[PDB]
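Two forms, one protein chain; structure tokens for each follow separately as structure 1 and structure 2.
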Structure 1
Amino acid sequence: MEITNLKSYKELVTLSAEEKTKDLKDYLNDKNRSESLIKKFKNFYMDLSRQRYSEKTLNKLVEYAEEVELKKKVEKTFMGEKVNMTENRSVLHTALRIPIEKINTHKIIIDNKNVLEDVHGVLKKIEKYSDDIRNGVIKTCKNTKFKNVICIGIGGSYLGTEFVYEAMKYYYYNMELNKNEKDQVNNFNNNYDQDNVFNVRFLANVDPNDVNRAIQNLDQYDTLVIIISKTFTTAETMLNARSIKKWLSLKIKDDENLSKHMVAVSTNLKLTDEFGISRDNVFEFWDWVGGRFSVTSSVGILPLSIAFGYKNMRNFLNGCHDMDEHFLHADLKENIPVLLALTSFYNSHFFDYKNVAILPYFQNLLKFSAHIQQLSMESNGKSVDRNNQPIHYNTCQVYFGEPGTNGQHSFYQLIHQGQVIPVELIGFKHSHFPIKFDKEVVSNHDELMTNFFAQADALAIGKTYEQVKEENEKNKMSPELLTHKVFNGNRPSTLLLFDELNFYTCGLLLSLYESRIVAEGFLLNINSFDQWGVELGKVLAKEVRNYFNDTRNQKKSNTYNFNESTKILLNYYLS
């Protein structure tokens, strides 16, 4: 039986029909409702009050989570049970961030071995290697300190890493290297050309234009190359790795010097060996770590500990861990990722809102949305349930976004007056670079933040035809045009307000979304952990590859059966 047949789902269909006749502006006058829909965990508030439900409807959503046995399923995941039912695998990204003091108390036995011993064996290796790179114990072939890091990887092998890298770099440069303090503003004399300011680049696209971007103004002698691929056979990553090895070899000709400049994050020891990577330079991860959940494994912990130091990355892991513990243990009504997943499920299923806008009011979060896109869409963009039945109900929404105020000046016209798009706004009390001049009405960070509060309220409340008509008493615009100025309101939003974006809080933010996606897959009754949808395109691309090979070299080999359109475009492409 499908989720749509559950008693609590059928009840939500009728409750949502009544919710559609209610205005958010009226709900926002109820202080009791606001107090119930605003939750606090550590250094942050989550505000669900601008969502189209009464406390009674949210209680029914909790009854739905109970009816699908969400807590039982989340617990099985954390315990190491084979919840990835199509690949028959465990899902243990949460084990990556369990701290050393819990190695025995929080043990997870897979194939008669405590997996936390493997987790910590790798983390100790990263701490040592990154400390050695940063202290100049490990040097380049010219006996100098490394200055650049090229990370080569696709999808999950870099998206999470780039999100964290861009989010944290200025906190690290400003608060740590430049020792900026909260009472001080206008730190324009901050130095960015000093020790341990690594020029980190992500070589993700197989497009050779991306190799061009990766190598731009870099000296091979200052560059460490990290190749991220579980199999060490990934087509794009490995072609990029071979290309970057050729670039390194333009200057670094000796194999032993070349091995000082290359590292791998992989388990294929045979292939890393063949590539010329030393054994001390291979960092492992496990099959129970999904690509889109891999940033807390060596995939992200190794390049981020090189860039920022292991101590900072340990704090990030503690953040992930504390949010994981909250997700597992908190009662559903007080469980932040669960309530966020229930809200998303409610908007998509009962209002048919098939989009989510991820809008952090923080420019350093410019790469967060791109990571959330894979994490959400690749996990939950499915059409077959956990009972192997093809399904027709809504699965994952389309996720998109740009940091505020950028997204605000780009596409909010549609968010206010076009199709309804639920938004998730993320804001902080403090900047990574506070600016304030004496004559200004507000600090620049306060100016940014006026929009964080106002946008959420404008979406919820709108502006009626009569309010537009009242303002027109002075404007005197032609009255037939007034309809163009109406804001219907009832456009939902979630507000996430943290005190500061530090390493610990960035961990809380990552785990919050990883937890939300895991909870949502169980609510949708789909497998969040596989990705069978990526196969067809790869198979067909291999056929085009062979055709390109035979055509470019004018050498017959393979049989081709291209459709009529592809034959016309291939002829143009190859002429």
Structure 2
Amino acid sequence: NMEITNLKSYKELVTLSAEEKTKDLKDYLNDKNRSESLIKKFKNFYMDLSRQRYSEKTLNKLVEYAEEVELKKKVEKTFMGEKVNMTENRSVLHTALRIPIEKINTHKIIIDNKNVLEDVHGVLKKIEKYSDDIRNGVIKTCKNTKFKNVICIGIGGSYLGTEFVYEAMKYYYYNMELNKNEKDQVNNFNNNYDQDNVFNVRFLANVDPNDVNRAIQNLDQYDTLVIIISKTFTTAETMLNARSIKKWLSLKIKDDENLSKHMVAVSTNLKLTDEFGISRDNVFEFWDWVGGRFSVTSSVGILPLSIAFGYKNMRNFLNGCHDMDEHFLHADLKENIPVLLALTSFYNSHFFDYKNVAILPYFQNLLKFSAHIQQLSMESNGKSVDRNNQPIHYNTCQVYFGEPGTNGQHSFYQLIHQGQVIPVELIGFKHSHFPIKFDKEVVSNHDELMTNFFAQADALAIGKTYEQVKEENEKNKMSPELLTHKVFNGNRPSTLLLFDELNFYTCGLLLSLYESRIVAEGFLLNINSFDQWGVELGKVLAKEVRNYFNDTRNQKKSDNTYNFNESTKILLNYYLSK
């Protein structure tokens, strides 16, 4: 009945943050001991939390807040399969999806007198066989050839995770695997990208027919495999696109048995998949306890990604997710990397009113990561009601955005440096997927990229005072009244994630890091990270407009009665005019 804002540890953070606002990051960053403590190590990476507006004592108080909210107990309940999604009375078991086969019995999770891991591995073995058959040409097209194209039909959670992993991993797969490039082997300009096992993967998400146009461009139905991805199998957009692509396939494929060879589905709904006409062997199910934004580790991602890259690569991705899941569950709070990332976020949002998060990966191949983190974070934590079902008014999820570095530096870093304070989350690697270096160059292209990774973090934290600007004006000679424009106040926070390499295992580590961070933060915020009641009103209202459009376009009436406001009426009139 009392809110998290009333806990002793919450009230202490209010006091400590007030003192922290008076302190500079410049002073903290000159303490070697604080740096050595705020730089956390893992086998594959470093998480540098030193450019955060806290002393080690304040961080210890954030850890004390996590204990008071019983974060460990809550995370454990989630992993155990307890019904922690309280508004839907459902389990949250995306972590089960990546438990390896050797642990099927030791790490068993019982839901309705059945070990869920048996269902998990049943589908994974099914994906492994199917993807191997497509890649070996055992499962062929209606014209008895090897499939070349894959159209994934799905929106939100049914494609965002998948496309992030796809885009992140495609060049590692093409370069290190198909082209056999060794790590740090430079200027691989002779690499071949038009070869066997290079699949043309397309994501059809929007109901806008322009997205169908993009999906089908230069594509032959005869070479195309269609994967319909939908948890519910009712989503207005996915289903209109699923029907549209079937009709598109039907333009060339005339026999139903041959058409069946070109269509596969991923859902929790066996009835609706059959009603669509997808064969039982062509349905790769997942379960209700898998939230859409936590679904990439299920058939949602594992099916298209294993076709594209091979199952073995996807098994290593699952292994990475699992190792990070194990760290999340077992590590003490004070040394739990996702927990400390969640606490930092919670601290900035609550105690400094920093209501934005910039996801800035210094890796072009991570161009689809932010779009995934946007759903995972905003749809989970963009809540108004607490776990005690009480409407709350304190800060919930921040607004997430970002572009890969260095791109963002020439777009919106101007604002991150001199406008509103926006905590940044920087992600970097020690190695490239496509190393470049020329003898005349001062640095390798990857190093050039990385100079920015380190520099931006420092520029944000330290700034440049009026006095330093005045000093550098002795040579520049700008009209002295204009010098205020060149001041950088500093004290702008950043986290640095530095991994060694972006391989399938590390990509899984990165995914679980964020999934774990969001789960931890939801419990810190005392909200349900697992529901999405906020998307319902817009669906209801759009069905009314759909019926109105059908009545109006067909110059007729129906059983539906419409009560559109004065503005909607004017714009609908213009919209439906010749």
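One-based numbering along structure 1's sequence throughout. We call the rigid core whatever largest set of C-alpha positions still superposes within 1.5 Å between the two forms.
Once you line up the core between the two structures, the CA of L271 is the only one from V420, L271, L116, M377 that shifts by 2 Å or more. Lined up on the core, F232 has its CA atom moved by 2.0 Å between the two structures. Note on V185: its Cα is shifted 0.4 Å between the two structures, core used for superposition.
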